[PDB]
Amino acid sequence: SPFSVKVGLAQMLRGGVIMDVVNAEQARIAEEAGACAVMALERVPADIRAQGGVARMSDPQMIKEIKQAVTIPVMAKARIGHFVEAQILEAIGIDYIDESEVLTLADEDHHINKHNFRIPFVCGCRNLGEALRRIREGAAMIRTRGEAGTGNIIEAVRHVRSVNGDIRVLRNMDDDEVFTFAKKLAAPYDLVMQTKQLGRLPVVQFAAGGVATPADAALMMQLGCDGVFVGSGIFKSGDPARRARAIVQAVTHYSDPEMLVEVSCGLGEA
Amino acid sequence: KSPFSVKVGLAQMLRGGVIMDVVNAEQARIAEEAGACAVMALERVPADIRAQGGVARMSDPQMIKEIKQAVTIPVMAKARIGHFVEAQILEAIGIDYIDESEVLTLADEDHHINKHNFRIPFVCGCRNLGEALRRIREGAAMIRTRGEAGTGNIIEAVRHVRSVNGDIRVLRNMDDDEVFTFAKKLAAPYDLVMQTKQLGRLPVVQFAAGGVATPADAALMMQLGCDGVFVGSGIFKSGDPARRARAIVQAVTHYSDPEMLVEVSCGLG
Amino acid sequence: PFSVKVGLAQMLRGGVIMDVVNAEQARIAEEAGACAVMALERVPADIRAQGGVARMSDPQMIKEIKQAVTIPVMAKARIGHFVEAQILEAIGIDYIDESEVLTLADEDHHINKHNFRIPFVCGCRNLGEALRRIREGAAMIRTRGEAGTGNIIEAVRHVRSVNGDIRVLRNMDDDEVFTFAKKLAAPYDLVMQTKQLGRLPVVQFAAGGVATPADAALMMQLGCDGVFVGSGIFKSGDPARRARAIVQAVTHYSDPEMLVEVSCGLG
Amino acid sequence: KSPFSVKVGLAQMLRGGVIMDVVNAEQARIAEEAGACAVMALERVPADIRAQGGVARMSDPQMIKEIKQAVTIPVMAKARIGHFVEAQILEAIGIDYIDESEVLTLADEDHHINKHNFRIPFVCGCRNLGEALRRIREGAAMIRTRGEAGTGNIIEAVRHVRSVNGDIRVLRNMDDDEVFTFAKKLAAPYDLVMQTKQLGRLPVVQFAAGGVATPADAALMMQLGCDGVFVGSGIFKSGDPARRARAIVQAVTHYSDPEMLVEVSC
Amino acid sequence: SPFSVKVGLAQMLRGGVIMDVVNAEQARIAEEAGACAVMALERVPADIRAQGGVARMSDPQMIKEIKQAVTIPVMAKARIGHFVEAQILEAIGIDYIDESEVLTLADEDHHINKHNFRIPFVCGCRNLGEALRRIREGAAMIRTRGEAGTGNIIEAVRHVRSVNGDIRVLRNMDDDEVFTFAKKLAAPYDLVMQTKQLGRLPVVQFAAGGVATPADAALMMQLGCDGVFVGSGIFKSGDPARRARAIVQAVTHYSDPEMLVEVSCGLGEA
């Protein structure tokens, strides 16, 4: 009912690219390049790993600057388990909250109870069980955690293959054996049977962590992802507008090699 | 007959050849002039990949096309292991051969590209016979021994060449009844193992790669049963690249002629 | 040709094969509607117990059973004992069982079954094991189960393992089947054949611990094409009746009313 | 013709043969009559050695002489491994072959008899090629695969035969440059390894021993590349020993003829 | 036959000192000081350990410069297992090839098949079995590997004592027990019996690795060595001619303490 409408809200981002932006200049460039949403944060994931320090929810002032600078949906990060950082973001009037593992963990044992919010949440996962548990907690959209800040697609591929692999195993599986499968996944049985009946994840599945090139973006789409997230890697190059446009084109035309060649050609240093 | 057999055939044309890593057109011309049978186009060398660290991907199509238009010999380029889209892009640029390379950052830890789904032929690495047979069944048209790229040290290449050729020779004479268990222990497809037994060699062209630094190295690989060698930027990181290039070509052509090896090695710095 | 031997074995689909130690027992098994009999001198329950080495049976006793019935006759060769197989081929039996219930004769190699004109049965515990036996030329696979115990638990584990992995395979990304063949240690061409068919490229029966009609029927409902049954049948009061019951159970495996009638008063 | 080559030659005459364990003259006559190419004289069988326990030595020369005078086919007897004096005694009784046997109680854990110091030829056991080559260099004229005596179980004999013949085949095709390291890993004398490469087989007669109980067993050994088989008192622990004996001889003679194997096995 | 003549060639160096030389200046000094042979290489063993990098066969140009600069035999190094580096050296017309462990190993499992060459090889060893295996592969001369580049005689003494120790054990050994001794050494039985009958190594045995002083050289000779190798240690001093002459004199007069005092006196820093 109110969950299905949050699920529905996130289906509108299918075939899209979401871009990390630290200011309004960057948010405009991302919108202009055809990003389906922007992710507002103050310190990038590559400079969070490197500089160290504690990474929290961004200053509401800077989030509001980005929300008023574009007409596409705006997302922002709450530390895992930080249900009050989420309450604040809901109250600023952003479109989506990302319960992010790129920020400093705030509860080691419990995630936000996402059903208690009106606006939809994105959660990370590395396997099907992790995704189903986030969904039952009320996540409306799943991303594969991948390995943020590296530019290395290897973990994203492992995770996407893990999730889609286990979904395919489910489809043909003897019904009598799905009980034990739900135990081994540590996932709620009703959401596992829903996943069997759909033959896919009961919500939008995007790829995140290490998508650096058009070819990366397209690979994720060909593996069965519904869209991709991309870091500030884009804006740490010579012509950010061009690199941004390239990844959008790549996700739109993911099965067209001729298109991938044209956008990749002369694209510089990643 | 089959589209695979045609790709295997295409790769036989490189037998007795030297393939050279080139980062620009200047280098590609030198390699062609020195008698290289093909060039391998990449932006960052394997010795500077190990050193600088960072993620190593497929090269910019712009620079690959510059090298393709600068020579008439075949051009190869690297796709990260399992990165089937980097391969699609390279197929579409119109290069001759794709190298599914372990010199680049791994992109799938568990799966290699399904190489049968491509029109142009692939090179794959291996360290033993089972690894080579698995790459072939995935559709590799040409195998190289992974060796140990960026070091200048032939020791790993020798281990691997000896491992592969060693196991091929064991196979040739092996009781047929025992080849089933041999296929299990190799974790290799039984039909390609029996094909290898019947031929008494690898069902595709086998080159050596990783640590071939000197003419003597190149010739050693050929005397161990390799069909050709790959060579890194080591060539172009010396005083007279033209000369060092020419020397390794001559060494692979005249691998059983000590008198020739002395002449090309003499004053090589 | 292999496909001819595969085809020969499809004729046993929906059948019960019965261990028999003499002609009296072979006639009872045929009369009860067994689709084949398995000739041996010492049963698997008395092999575990008496100890000692268990070999191919005396050709004299096998020939007595072959001349006593018109249904196919099977006999056991020790694993890897290709000469015990040559002898059985030459006696004119229909099927050779390369059996793990006999004393192993080669720890590292199975018979090269392609070098024989008559078809072979082989055991397995998982898909990889079955595919390897098939490529060696097995025309029919049984799940090894746990012979001599009367305990169905291992047969269920193995049937579920094989059918489970076949189902996983059907829906599996083609690009991932290479690595799947590596992890199974199975020949890639037979794995892709199994994917295309959506089942085992030969007849799959259950063996080891099938003691009751309910056991037989459970095997059939799990996706087996038939069952083997030991001398357990003939170690009871009315062997004819217990034999008939298991045949009926395999024929009518989805009919609870039938299973009640044959199980009732079975002692 | 070296004195070793003559002993090697003597043993080649047993090619295609069956050697039978016999505890008396009655049994020795039956074995000769059934077409055994030699008899092996001992007091306690290997199946009753494992069971009764105790120390197993060279047999009483009296009983060996009774068997030697009872047949015209060669007679063999067992010396404990390393017991060079038990060998001296057997040489002096005038038997044809000495078996340096692991079925008897070991007498030297670290050294085998120096078999070159004897006029008559020796049989030695092995489990792999290196072990065989080392026995040969010590002067063994004939090798048997140790198998697993007293059990009736062919499994160890098959493992060992496959091991030896397997390594011989690996050798045939092997790069010459790599044979040095192969000799190191086998712990075998390099000259005998190169001899084995050049012949494509064992430089002496190779028989199978330990667990050959049935005609099918005997024939399997022959099809795996053995030149003959040894057989225990298993034969004489049956109803008609003459018939079971004759069957194994027929099986080794006609090892690639299934129709023959069926008739003798029935 | 052709092996015995290579063995014979190397017997001519008995009582000699072989000197590592990196140029013709050094080769002349070594010849003048009475060296029985020179060993031609580009990078010394002390600077190979320190600078790191891969150490290969030297440039044939520099080897030929040294061969034409002296009338005493010239040796050069081939990496272990590098049979083509050996073919090249044979073809330059040097007198001896050293299959050296001071260079980067090129085959971990196999040494050069030295019988396939016309000119004689030197090989290293640390024990008798290792020496016998090199000899059977066709080595005409053995050196004890010692510990090259250190100036420390300790490993050379360990190895010389190990080899000569096992040769002495062999001499008195029951013939019946030599079979098992050959197994434990992992050495070819025929070469072990040859060693028993001679009461020494069937080829010339020199000491190498850590011979820095006249006293070192003499100690090696008194332990039963037939000669010594010496590194560039000699040429890394004030008067190379003098230090060179001293070690030659020491090996010639190894049982004359009065001679050892005179050559050692005022010899400076090693």
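Note on numbering: residues are counted from 1 along each chain in the order of its written sequence, which can differ from the entry, and residues with no coordinates are hidden. Each chain takes a letter, starting from A, and each ligand takes a number, starting from 1, following the order in which they are written. Part of a larger assembly is shown; the reported values describe that part exclusively. Just so you know, side-chain values use all the structure's heavy atoms and leave hydrogens and water out. Residues with missing side-chain atoms are left out of burial classes, side-chain pairs and their counts.

Per the PDB entry, chain A goes by the name Pyridoxal 5'-phosphate synthase subunit PDX1.3 and belongs to Arabidopsis thaliana. UniProt positions are given in the numbering used here, feature names are shortened, and annotations may be inferred rather than shown by experiment. Here is the UniProt Pathway comment for chain A, exactly as written: "Cofactor biosynthesis; pyridoxal 5'-phosphate biosynthesis."

Per the PDB entry, chain D goes by Pyridoxal 5'-phosphate synthase subunit PDX1.3 and derives from Arabidopsis thaliana. Chain D has a UniProt comment under Pathway that states "Cofactor biosynthesis; pyridoxal 5'-phosphate biosynthesis." Quoted verbatim from the Sequence similarities field of UniProt, the annotation for chain D is "Belongs to the PdxS/SNZ family."

Caption draft 1: Just the overall build of chain D, in detail. Check the secondary structure of chain D and you find 12 helices and eight strands. In terms of overall size, chain D behaves like a compact globule, its C-alpha atoms giving a radius of gyration of 18 Å where 266 residues would be expected to give roughly 18 Å. Taken along its principal axes, the extent of the C-alpha atoms in chain D is 55 × 45 × 40 Å. We call two residues contacting when some pair of their heavy atoms lies within 4.5 Å. The contacts in chain D between residues at least 6 apart in sequence include a share of 62% that link residues at least 24 apart. A run of H or I in DSSP counts as a helix once it spans at least four residues, and a run of E counts as a strand once it spans at least two, with each numbered from the N terminus. Here the radius of gyration uses the C-alpha set of atoms, whereas the globule reference equals 2.2 Å times the residue count to the power 0.38.

Caption draft 2: Inspection of the pattern of salt bridges at higher detail. Any carboxyl oxygen of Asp or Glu within 4 Å of a side-chain nitrogen of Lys or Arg constitutes a salt bridge here. Under the counting rule described, the total for this entry stands at 88 salt bridges over all chains. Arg135 of chain D is paired through a salt bridge with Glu138 of chain D; the nearest N and O atoms lie 2.9 Å apart. Just as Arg135 of chain D is buried, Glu138 of chain D falls in that class too. Across the salt bridge formed by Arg134 of chain E and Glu137 of chain E, the nearest N and O atoms sit 2.9 Å from each other. When a residue's accessible area, from a 1.4 Å probe over protein chains only, is under 20% of the maximum for its type it is buried; when over 50% it is exposed; and in between it is partly exposed. The exposure class assigned to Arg134 of chain E is buried, which follows from its relative accessible area of 7%. A single network of salt bridges, built from pairs that share partners, joins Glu99, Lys114, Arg134 and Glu137 of chain A.

Caption draft 3: Representation of the interface of chain E and chain B in the model. In this assembly, 21 residues from chain E lie in contact with 24 residues from chain B. Accessible area, probed at 1.4 Å, shrinks when two parts are joined; the buried area is that loss added up over both. Both faces considered, chain E and chain B share a buried interface measuring about 1,800 Å² in area, 63% of it formed by carbon and sulfur atoms. Counting every contact that joins chain E to chain B gives three salt bridges. Residue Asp107 of chain E pairs with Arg162 of chain B through a salt bridge whose shortest N-O separation is 2.7 Å. In protein, a polar contact means a hydrogen-donor-capable atom and an acceptor-capable atom, both N or O and within 3.5 Å, with residues adjacent in sequence counting only if both atoms are side-chain atoms; elsewhere, any N or O pair within 3.5 Å suffices. Connecting chain E to chain B are eight residue pairs in polar contact. Secondary structure elements with two or more residues in the side of chain E that touches chain B: α4 (60-67) and α5 (83-92) of chain E. Per element, the largest residue contribution to the side of chain E that touches chain B is seven residues, and it comes from α5 of chain E. Its residues assigned to classes, the side of chain E that touches chain B comprises nine nonpolar, five polar and seven charged. Think of it as three bins: nonpolar holds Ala, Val, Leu, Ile, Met, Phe, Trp, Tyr, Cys and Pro, charged holds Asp, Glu, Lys and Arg, and polar takes everything else, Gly as well.

Caption draft 4: Expanded view of the arrangement of the chains. What separates chain A from chain D at the closest point of their C-alpha atoms is a distance of 40 Å, and the two make no contact. In this assembly chain A lies apart from chain E, the nearest approach of their C-alpha atoms being 30 Å.

Caption draft 5: Region of interest: the UniProt feature "binding site: D-glyceraldehyde 3-phosphate" in chain A. As annotated by UniProt and renumbered to match this structure, "binding site: D-glyceraldehyde 3-phosphate" occupies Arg161 of chain A. The topology assignment puts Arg161 of chain A in helix α7 (residues 154-171).

Caption draft 6: Here's a closer look at the UniProt feature "binding site: D-glyceraldehyde 3-phosphate" in chain D. The sites that UniProt annotates as "binding site: D-glyceraldehyde 3-phosphate" are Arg162 of chain D. Aside from chain neighbours lying at most four places away, what touches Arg162 of chain D is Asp175 and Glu178 of chain B, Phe82, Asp106 and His109 of chain C together with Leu224 of chain D.

Caption draft 7: Spotlight on the pairing of strand β3 (residues 75-80) of chain D. Residues and elements named next belong to chain D. Among the six residues in β3, six count as buried, and that is most of the element. Burial of the side chains of β3 extends over both faces: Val75, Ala77 and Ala79 are buried on one face and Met76, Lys78 and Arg80 on the other. Between any two strands, pairing holds if DSSP finds at least two bridges. Bridge count for strand β2 (residues 38-41) against β3 is three bridges, and the pairing is parallel. When the sheet's bridge partners are listed, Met40 is paired in β3 with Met76. As paired strands, β3 and strand β4 (residues 97-101) are joined by five bridges and run parallel to one another. When the bridges of β4 are listed, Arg80 appears paired with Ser101. Looking down the strands as they point away from you, a crossover is right-handed if its path from the first strand over the helix to the second goes clockwise. As a crossover connection, the stretch from β3 through helix α5 (residues 84-93) into β4 is right-handed.

Caption draft 8: A look at the side chain of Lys7 of chain D. Residues and elements named next belong to chain D. Within the secondary structure layout, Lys7 lies in helix α1 (residues 3-12). Charge assignment in this entry is limited to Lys and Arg as positive and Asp and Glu as negative, and neither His nor the chain termini are counted. Buried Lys7, no salt bridge; nearest opposite-charge side chain is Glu91, N-O distance 7.2 Å. The residues touching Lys7, leaving out its near neighbours within four places in the chain, are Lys115, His116, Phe118, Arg119, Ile120, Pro121 and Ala141.

Caption draft 9: Quick look at the interface of chain C and chain B. Residue-level contacts link 17 residues of chain C with 17 residues of chain B. In this structure, the connection of chain C to chain B is made through two salt bridges. Between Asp189 of chain C and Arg137 of chain B there is a salt bridge; the shortest N-O distance is 2.8 Å. Where the side of chain C that touches chain B is concerned, the elements lending two or more residues are α6 (127-135), α8 (177-184) and α9 (188-197) of chain C. The leading source of residues in the side of chain C that touches chain B is α8 of chain C, at three residues.

Caption draft 10: View of the packing of helix α5 (residues 82-91) of chain C against helix α10 (residues 215-224) of chain D. Contact geometry for α5 of chain C and α10 of chain D: axes closest at 8 Å, N-to-C directions at 115 degrees. Viewed along their axes, α5 of chain C and α10 of chain D form a crossing whose handedness is right-handed. Of the residues in α10 of chain D, those touching α5 of chain C at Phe82, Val83, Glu84, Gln86 and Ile87 of chain C are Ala216, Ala219, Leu220, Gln223 and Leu224 of chain D. Classifying every residue of the contact of α5 of chain C with α10 of chain D gives seven nonpolar, two polar and one charged. For every element, the axis is a line fit to its C-alpha atoms; helices are fit only across the contacting stretch, and the angle between N-to-C directions ranges from 0 to 180 degrees. Crossings are sorted by hand: turned counterclockwise from the far helix by less than a right angle, the near helix makes the crossing left-handed, and turned clockwise it makes it right-handed.

Caption draft 11: Summary view of the packing of aromatic side chains. Residue and element names in this part refer to chain B. Ring pairs shown here join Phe, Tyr and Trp side chains whose ring centres sit within 6.5 Å, with only the six-membered ring taken for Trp; geometry is labelled stacked below 30 degrees between planes, edge-to-face above 60, and tilted in between. Enumeration according to the criterion identifies 15 aromatic pairs over all chains in this entry. With 5.6 Å between their ring centres and 65 degrees between their planes, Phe207 and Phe230 make a pair best called edge-to-face. With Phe207 in strand β7 (residues 205-208) and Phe230 in strand β8 (residues 228-231), the pair connects residues that are 23 residues apart, well separated along the chain. Each member of the pair, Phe207 as well as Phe230, is classed as buried.

Caption draft 12: Spatial organisation of helix α6 (residues 129-137) of chain D. Residues and elements named next belong to chain D. When you tally the buried positions in α6, you get nine out of nine residues, the bulk of the element. Restricting attention to buried positions, one finds in α6 the residues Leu129, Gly130, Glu131, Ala132, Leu133, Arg134, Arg135, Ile136 and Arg137. Put simply, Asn128 is the residue that caps the front of α6, since its side-chain oxygen is 3.3 Å from the backbone nitrogen of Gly130. Two residues or fewer past α6, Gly139 is found with a positive phi of approximately 115 degrees.

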